[PDB]
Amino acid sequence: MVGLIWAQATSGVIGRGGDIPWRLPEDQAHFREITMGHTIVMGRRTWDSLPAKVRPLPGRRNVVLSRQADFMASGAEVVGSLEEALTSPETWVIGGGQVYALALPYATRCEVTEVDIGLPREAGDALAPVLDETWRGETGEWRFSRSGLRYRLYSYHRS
């Protein structure tokens, strides 16, 4: 099973200037609970954007995709291709517009957080993958972040 997990603004924006352009502790919680105890796969830019304190992410097998000869990622496994990255029976892809796009054909689950903020796409943004009719989903109830953000969870699957 390969799953994708991401958080997006309604626009589809997931990253900008090497960071996630909102703060949502509830989503961090959600992400940790899905991914804990499992192999996680991320592109190297996502690895760079991890806060130093949680790089590598604790309690997970961190796998970092890089097309660069000897990229160094202390505490993670660096691999050079998707075939090498996607071999664990429960794999969560967490990381990168580029790596979402490339790994999606291998995926049978998506766990999506939608954040209800106005955030129009800009050139160079990292974007969420667009899901087609092969997928079926369930939509969760809208909620308010205990800070103020409105957000909701989606769970998609295909067989």
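We call the rigid core whatever largest set of C-alpha positions still superposes within 1.5 Å between the two forms. In this text, residue numbers run from 1 along the sequence as written.
Here 52 to 60 and 103 to 111 are scored by the root mean square distance of their C-alpha atoms in 9 other deposited structures of this protein, with each structure fitted by the rigid core; the higher score goes to 52 to 60. Taking the root mean square of CA deviations in 9 other deposited structures of this protein after fitting on the rigid core, 26 to 34 and 66 to 74 differ, and the farther of the two is 66 to 74. Looking at 64 to 72 and 49 to 57 together, the entry lists the larger mean B-factor for 64 to 72, computed on C-alpha atoms. Judged by mean Cα B factor in the deposited record, 141 to 149 ranks above the other of 9 to 17 and 141 to 149. Within the listed group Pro105, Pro120, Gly37, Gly97, the record reports its top CA B-factor for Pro120. Among all modelled residues in its chain, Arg109 ranks in the lowest third by Cα B-factor. In the PDB entry, a CA B factor belonging to the lowest third of its chain's modelled residues is recorded for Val93. In the PDB entry, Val130 places in the highest third of its chain by CA B-factor.
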